[PDB]
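*Asks:* Just dropping this structure here.
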Amino acid sequence: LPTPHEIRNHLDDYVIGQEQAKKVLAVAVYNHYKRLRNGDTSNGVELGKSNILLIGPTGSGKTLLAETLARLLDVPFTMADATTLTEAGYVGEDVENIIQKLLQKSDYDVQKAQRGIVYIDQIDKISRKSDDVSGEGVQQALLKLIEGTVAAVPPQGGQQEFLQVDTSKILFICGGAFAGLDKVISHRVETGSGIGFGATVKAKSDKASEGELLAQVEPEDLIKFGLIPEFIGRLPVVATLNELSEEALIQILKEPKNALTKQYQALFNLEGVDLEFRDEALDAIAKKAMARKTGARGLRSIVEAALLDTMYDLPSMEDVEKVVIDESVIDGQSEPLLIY
Amino acid sequence: XXXXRXXX
Amino acid sequence: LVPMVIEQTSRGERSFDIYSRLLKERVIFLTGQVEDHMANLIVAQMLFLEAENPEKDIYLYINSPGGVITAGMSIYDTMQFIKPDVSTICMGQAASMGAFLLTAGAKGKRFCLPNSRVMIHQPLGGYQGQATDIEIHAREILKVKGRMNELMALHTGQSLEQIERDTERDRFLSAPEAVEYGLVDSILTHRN
Amino acid sequence: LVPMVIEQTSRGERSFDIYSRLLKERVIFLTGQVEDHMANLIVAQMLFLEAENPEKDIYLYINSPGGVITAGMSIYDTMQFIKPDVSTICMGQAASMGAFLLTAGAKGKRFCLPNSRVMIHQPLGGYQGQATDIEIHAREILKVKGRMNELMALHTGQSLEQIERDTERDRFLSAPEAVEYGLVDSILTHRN
Amino acid sequence: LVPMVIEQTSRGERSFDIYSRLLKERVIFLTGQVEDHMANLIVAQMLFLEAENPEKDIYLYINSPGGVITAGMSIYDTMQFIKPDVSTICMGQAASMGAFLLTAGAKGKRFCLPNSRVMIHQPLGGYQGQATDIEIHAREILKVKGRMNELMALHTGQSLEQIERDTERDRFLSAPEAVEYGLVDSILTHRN
Ligand SMILES: Nc1ncnc2c1ncn2[C@@H]1O[C@H](COP(=O)(O)OP(=O)(O)O)[C@@H](O)[C@H]1O
């Protein structure tokens, strides 16, 4: 029922700074579900599936795009991690666990779990080591899984029976971050440099965005990284997040309706007290976030640690209608101003 | 009951 | 002794010598006197980079007091034959033959350090034997001197008459003077 | 012989030479006489560290009785070109050229050991030949002496006239005097 | 040739040279004449052990007929700078500079073998040139002699006047006499 323009606005409401990624997932999910409604009633039969492969920095909202999508789409969603995954029978894990995880959302799905979505994290960790149960071997097992098959699944765990569930219909989104991939593509496309005199040094570590280089990424470069070309062939769609920005972090706390700044504002509305967050206080949070190399994920630690004293003393305090936060308070050398 | 899981 | 370094790659860790690591980035080092063995080693490096990629610029750092002429001309002809632009940089000193390979680099990609020094003079030689043989070796070295001046004028842009007068004796040229002389294009004072 | 060490890492165990281990931490060793081969080796080390990290300070330990001037000037220009601050430390002795690379380090990051010793004098040379050639080589070494004194004043902060009088003959400077002379910033007596 | 040994560990078997195996246990060997190359190698070993553990004692075995003074003073300042106590042992012989590094060890952790021998004399030097230059090098070596006697008294506890008289000429000291002289603490006759 939805359209790419309608879903783009909803995605924009919760995600920002990633414009190309919205159009990729919009048209992909749009055409993916179109195939489910129409099925194979048309002349064309066995409509092939189009998988999605995301590559971007850490904490760049890759998981948020899949989580926010499940809320509007309403289909079941799961967040699997490939770090634990092992090669067909070892101590760490087996691929079978992933299949049950999706069913676990509703625990009863015959013609409903086929339309679900799955997310994978840390895909680069299984890169083929060339010096294996961690490397290439793991990829070979996922080939048949993504291509579509049926796995026996005890519904609810229990009957003397097992249920069959198709997986061709089920779309997969392999999310992950490929660190060091800039050097591989730089020598191939832009320039061989970084070590020589005339060669450009990596001066623009944070001055310029590496993202632009990632836009020119191709599957051939992924082969040198360690992945199998056969594995990448199953995921023709490609999404590339560029970077995270300091001004974006200020917008992340103001433009999204679910911003953390707005949660505290609503907390005190019922209490009958006003809340404020000046622009001079948000810019400081951006510096501390980049300092810990964590992105937006390491944001609540800075906010909750600063407002621990104010929140603890707010019920005790009386005749206080407004709260003002300053940049000095974020550093910890000052106490927030209170207005009666 | 009892799981005998070992890997070489 | 040569220090060993580790190049972090996705496939795994690999150990390289300091000279081999820079070779991977299309960088060659010209150190010491120019001889038949040292010259033949640099030629193999250029050819190896040509096959890997013929469209990426090569960087040649030169720090040498010069040497044999025939050993140096093999490098010059190679740089002109191959398609990639061989960028040249002068570190420390550039003698007669070191200066000829410096100016022979691709136009616009020649640099000299702020404190580098270039020296140019005429070919040196000698012979012992009959008078008939001395005349033969004298005519040969005269052709080389004339040939080396013709090419020097071609890349430096000066006239052949000027190169003949300036190369009669040793002539030192500072880094600023080399730019004005057409020998180089600019100076790499700081990294911008 | 060079002892081998083991660097415990998450991936596994790796064996390194003592000189290569310190190179991983942005540390370079300058030992013995300064020549074209030893000087060209240190330059490759600095560039390798620049690419790995351009924002981390580099440490250069110098223990050398000096050597060729042209070989040493290639290192000085490199330290100024690259963005990272090249910290210099004097161990044992620092001759004319070793002292020039010592003071050329980043301001505020220059140290001298409590018992180290620095020595400075004028450039040495010589020539044999016709009188016309002696005049050429004499003018060249005179420019270097003037150029080396100009740069010494820039980093030490002293006046050019003072460097000329102090560099006429050999002058030894103890560790305390080097601080008073602007050559270094402090002394690393103990680890705090 | 250096024999290879196998260090049995839980992870697996590893092959080490005899000198590298002892380095893992904070043991450094000082063999032969003290020069700039041999001295600069030991300094890197001490720093490597400092990072691995700053609270474990280091053992330094010295068997050397002495050598250059400036090369030896780099080691002395390093032992005093680092926090760990550098234990010193004399094997075979300890000359003028070998004796200065021997007594410079941590107090109470200095030993001498029952048949070892220590020798001390004044600094050696020489110069050839103008009379003005001889006076400069003479004043410098005189400062070193005075400085070396001051530090010798500090660790040995004797007075500066006594060290001056005893170091005027070669003086051999047996192992028992060294204890009475404050140079060492005890003798490691047998293992108890
Ligand atoms: N545009 C955005 N607006 C609000 N929060 C964001 C945005 N982008 C990222 N985040 C934050 O990042 C976190 C998710 O990071 P994630 O995408 O899982 O990292 P990775 O890309 O390494 O998987 C969420 O907690 C979310 O609050």
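Scheme for the structure tokens: letters A, B, ... for chains in order shown; per-chain residue numbers from 1; ligand numbers from 1 in order shown.
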Kindly determine which residues of chain A lie within 7 Å of chain D, considering only C-alpha atoms, and give the answer as a list in words.

*Replies:*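 That gives residues 194, 195, 196, 201, 202 and 203 of chain A for chain A.
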
*Asks:* Pairing the C-alpha atoms in order and superposing chain E on chain D, what is the resulting RMSD?

*Replies:*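 The fitted C-alpha deviation between chain D and chain E is 0.1 Å.
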
*Asks:* Only residues of chain D matter here; which ones have an atom within 7 Å of chain C, counting only C-alpha atoms? Give them as a list in words.

*Replies:* residues 19, 20, 36, 37, 44, 45, 70, 71, 73, 74, 77, 80, 81, 82 and 83 of chain D

*Asks:* Taking only C-alpha atoms and all ligand atoms and a cut-off of 7 Å, can you tell me which residues surround ligand 1, written as a list in words?

*Replies:*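 If we count only C-alpha atoms and all ligand atoms, the neighbours of ligand 1 turn out to be residues 14, 15, 16, 17, 56, 57, 58, 59, 60, 61, 62, 63, 64, 121, 175, 176, 177, 252, 256, 259, 296 and 297 of chain A.
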
*Asks:* For the selection just defined, write its residues with N, CA and C atoms to a file, as a short mmCIF file (atom, residue, chain, number, x, y, z; two decimals), in the first residue's frame.

*Replies:*
```
data_model
loop_
_atom_site.label_atom_id
_atom_site.label_comp_id
_atom_site.auth_asym_id
_atom_site.auth_seq_id
_atom_site.Cartn_x
_atom_site.Cartn_y
_atom_site.Cartn_z
N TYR A 14 12.67 10.02 11.31
CA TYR A 14 13.51 9.35 12.30
C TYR A 14 14.97 9.23 11.90
N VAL A 15 15.31 9.45 10.62
CA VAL A 15 16.69 9.36 10.15
C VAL A 15 16.98 10.58 9.29
N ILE A 16 18.23 11.04 9.34
CA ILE A 16 18.67 12.21 8.59
C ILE A 16 20.12 12.03 8.18
N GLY A 17 20.56 12.87 7.24
CA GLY A 17 21.91 12.83 6.72
C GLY A 17 22.22 11.68 5.79
N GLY A 56 28.63 1.02 5.90
CA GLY A 56 28.77 2.35 6.43
C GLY A 56 29.53 2.37 7.74
N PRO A 57 29.85 3.57 8.24
CA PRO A 57 30.57 3.66 9.51
C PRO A 57 29.73 3.13 10.67
N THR A 58 30.39 2.97 11.81
CA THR A 58 29.73 2.47 13.00
C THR A 58 28.85 3.56 13.61
N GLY A 59 27.70 3.15 14.14
CA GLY A 59 26.78 4.09 14.75
C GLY A 59 26.19 5.09 13.77
N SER A 60 26.12 4.75 12.49
CA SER A 60 25.61 5.63 11.46
C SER A 60 24.12 5.45 11.19
N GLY A 61 23.40 4.80 12.11
CA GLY A 61 21.97 4.61 11.94
C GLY A 61 21.57 3.46 11.04
N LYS A 62 22.46 2.50 10.80
CA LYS A 62 22.11 1.36 9.97
C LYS A 62 21.00 0.55 10.61
N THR A 63 21.10 0.30 11.91
CA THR A 63 20.08 -0.46 12.62
C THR A 63 18.79 0.33 12.75
N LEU A 64 18.89 1.66 12.88
CA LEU A 64 17.70 2.48 13.04
C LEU A 64 16.83 2.42 11.79
N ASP A 121 24.65 -8.00 11.55
CA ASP A 121 25.66 -7.05 12.00
C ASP A 121 27.05 -7.66 11.95
N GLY A 175 23.91 -5.84 7.21
CA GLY A 175 24.52 -4.60 7.63
C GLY A 175 25.92 -4.82 8.17
N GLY A 176 26.75 -3.78 8.09
CA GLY A 176 28.10 -3.89 8.60
C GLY A 176 28.92 -2.69 8.22
N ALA A 177 30.11 -2.63 8.81
CA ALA A 177 31.09 -1.58 8.58
C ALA A 177 32.36 -2.21 8.06
N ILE A 252 19.84 15.92 15.06
CA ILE A 252 19.35 14.63 15.53
C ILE A 252 18.58 14.79 16.83
N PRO A 256 14.20 15.01 14.78
CA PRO A 256 13.38 13.82 15.07
C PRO A 256 12.43 14.04 16.23
N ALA A 259 13.54 12.54 19.57
CA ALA A 259 14.84 12.97 20.06
C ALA A 259 14.88 12.89 21.58
N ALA A 296 26.59 8.31 17.64
CA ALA A 296 25.37 8.62 18.37
C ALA A 296 25.05 7.60 19.45
N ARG A 297 25.67 6.42 19.41
CA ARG A 297 25.38 5.39 20.40
C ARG A 297 25.86 5.80 21.79
#
```

*Asks:* Check stretch 34-123 of chain D with DSSP on the backbone and list each residue it calls strand (DSSP E), as number ranges by chain.

*Replies:* D: 58-64, 86-94, 110-112, 118-120

*Asks:* Give me, as a count of residues only, all polymer residues having an atom no more than 8 Å from stretch 147-157 of chain D, counting only C-alpha atoms and skipping those fewer than 2 positions away in the same chain.

*Replies:* 15

*Asks:* What is the distance, in Å and to one decimal place, between atom CA of residue C:141 and atom CA of residue C:97?

*Replies:*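 Atom CA of residue C:141 sits 14.6 Å away from atom CA of residue C:97.
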
*Asks:* Distance table requested - chain B against chain A, cut-off 10 Å, only C-alpha atoms: one row per qualifying residue with the closest atom pair and its distance in Å to one decimal, ordered by chain and rising residue number, as a tab-separated table.

*Replies:*
```
residue	atom	partner	partner_atom	distance
B:5	CA	A:91	CA	7.5
B:6	CA	A:91	CA	7.1
B:7	CA	A:90	CA	5.7
B:8	CA	A:90	CA	8.4
```

*Asks:* Now that the selection is made, can you save its residues with C-alpha atoms as an mmCIF file, in the first residue's frame?

*Replies:*
```cif
data_model
loop_
_atom_site.group_PDB
_atom_site.id
_atom_site.type_symbol
_atom_site.label_atom_id
_atom_site.label_comp_id
_atom_site.auth_asym_id
_atom_site.auth_seq_id
_atom_site.Cartn_x
_atom_site.Cartn_y
_atom_site.Cartn_z
ATOM 1 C CA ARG B 5 29.203 -31.532 22.114
ATOM 2 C CA UNK B 6 32.886 -31.544 21.152
ATOM 3 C CA UNK B 7 34.839 -29.954 18.297
ATOM 4 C CA UNK B 8 38.276 -30.909 16.988
#
```

*Asks:* Excluding residue A:109 and its own-chain neighbours fewer than 4 positions away, which residues fall within 10 Å of it when counting only C-alpha atoms? Please give them as an MDAnalysis selection string.

*Replies:* chainID A and resid 102:105 113:114 155 163 165
